[PDB]
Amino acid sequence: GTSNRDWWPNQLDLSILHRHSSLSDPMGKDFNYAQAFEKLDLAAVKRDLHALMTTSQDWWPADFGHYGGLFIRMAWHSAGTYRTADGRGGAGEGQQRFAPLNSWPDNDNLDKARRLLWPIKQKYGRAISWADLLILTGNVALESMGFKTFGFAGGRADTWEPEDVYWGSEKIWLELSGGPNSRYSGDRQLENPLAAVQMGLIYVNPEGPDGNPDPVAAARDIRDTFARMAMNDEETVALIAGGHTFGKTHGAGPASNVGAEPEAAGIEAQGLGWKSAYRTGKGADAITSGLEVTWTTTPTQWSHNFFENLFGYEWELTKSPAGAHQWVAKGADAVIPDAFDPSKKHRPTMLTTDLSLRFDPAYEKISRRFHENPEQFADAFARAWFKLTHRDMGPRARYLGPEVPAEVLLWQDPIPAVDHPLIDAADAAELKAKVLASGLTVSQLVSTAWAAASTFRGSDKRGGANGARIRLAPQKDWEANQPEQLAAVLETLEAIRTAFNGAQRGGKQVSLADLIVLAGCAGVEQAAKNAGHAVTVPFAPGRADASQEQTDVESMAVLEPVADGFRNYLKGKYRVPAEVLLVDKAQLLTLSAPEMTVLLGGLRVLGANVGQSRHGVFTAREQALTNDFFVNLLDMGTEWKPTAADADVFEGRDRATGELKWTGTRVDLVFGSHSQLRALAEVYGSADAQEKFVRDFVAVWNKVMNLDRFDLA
């Protein structure tokens, strides 16, 4: 069946905004996972998980009689898809059970791991999501094997179809760099937003960069990809060495024995894949990565043996039985146990990427510190395992259950507790009137509140107006935020705040985070009033102000909007057309197409554009909340052409006289071009739609203001 994608492969794809509908979700529209989880007997689940560890099934026998290593790898891959660039991937939606990740090469045989967990999933049902279960099982594996974890939070709700993620452009699994769709250019620069070296890998190639077994050059890829997963050098060394304290790799024979990945397998395989024709196909004969390495003398118990081995031998390059590059300890005795045969032992072995930890000079210093101080190693790994597995969960308000660590961590972008009474309706009316009396304009108030709130992304639930981090480094300096205008708005708001707070009795006070949002609401009200409409914009207080010391400036950089079609802003020239970037931003904001349409049309006439650009400002009454953008956009009296100077700017001229009426960008005109967007614009550009437009705009505005409000919702 030929589809629209086949005929017009570069048209914009709006279906990413309408994923995750009530249609595809088997749970009722009222189902609340948090509530179901809070009633789970978590201790019972963990008892069943402990039992499972050593209950070997014949269809995938447990190495060393213990599945712990398999399950640690499973949890680590669940978490490992995360990219800091967009917040996409990670463990938080349980996506490992869906395409493509269920069938990525690096997820080979983790289908077996997941199937071993079905009986537990079945027994506890909706009260523990797969997403939570994959992480908790990893925790229990570590505990079962003697490692004390730093804690665990539940609350990852399951999802029901695959997430739309750009994982790269290659059309071949595992394609090496420099192909026609290379993710690399120049001096090994990985394209944003990617965070892995080859299509279908989690981070790096375990043989070395594009297969070349150089531990020093492998280290470079490790550092880069782990940084792109929000992990620094100490955390990276702790995780790799921590992980590889356990279990083993699987490469007992050639890879040509292994058949189709799960999404390609026959219907009879019942959701499993990588069926192997080598000997028994499993256990002692297992083939997963192709490498055959077992790191420690006690693969089912926490130990300090990884760094003893790493530093205590010299390493020789060799090949696994499948032909992969790996390393064996020069002159060592056979001290490593076999996974199935008590009469066999093996010499110590390492991956290229393990040797990175010794041969990269910066890693070597950390690795030695961990070798010499194993308690520091254990604490770093526990903290890093928690960060790994929680980094995409968002504010601590979302963390459920009785094992949540009390310690607040910088990477959680923490927001202080509110400890005082909040403002009430009367106070909010007072503050709005003071904001409007100050002289701040509709444009300034709307722009500032937009800038504060629209950093939120639903991918990892970072960002938003809570915290008032717009006043801090680095947000206060972002170009999209118009630093000098921003500074003037914040100054006036801060004086309003000070005065209001100084007049109160009791502990009552308003946060700047709340006042930024409320001032934006007053701007929207005033805009509606300018259009001759009475409107009330909802507002929920309770935001708090974070400090600069609670705001990691390097981690904040990934939230900078380099493209924001809602403010007609593009920081540079990008490979992707601007309308694609708009739909991407709408997705991170959790907006549907109709919400994206309404919001952008409104923002245009309110004066939210960066730099007060006239592009898309299709009204003669700026700062009035009207549907003018749609009515003027859709007017067939006007003809549009790209300009001389710039193909991405368009001039709209009267079709009869030739006179210039407007100018717009691609983000503006896509609403007049794309056949689904134009159908939306038509509704809001119709003669009966002014009230609809206002009321839809206010709703989506309030939606955006509340995106990070996990303390309420």
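So that there is no doubt, residue numbering starts at 1 and follows the sequence shown.
Annotation for 407 to 415 versus 574 to 582: the higher mean temperature factor (C-alpha) is found in 574 to 582. Per-stretch averaging of Cα B factors for 32 to 40 and 48 to 56 places 32 to 40 on top. Taking the deposited Cα B-factors for 78, 103, 185, 109, the highest one is held by 185.
Across the residues 198, 139, 548, 192, the deposited record lists the maximum Cα B factor for 192. In this PDB entry, residue 126 carries a Cα temperature factor that places it within the lowest third of its chain's modelled residues. In the deposited entry, the Cα temperature factor of residue 428 sits in the middle third of values across the chain's modelled residues. Annotation for residue 624: C-alpha temperature factor in the middle third relative to the rest of the modelled chain, per the entry. Residue-level temperature factors show residue 334 in the highest third of its chain, judged at the C-alpha atom. Compared with the other modelled residues of the chain, the Cα B-factor recorded for residue 19 ranks in the highest third.
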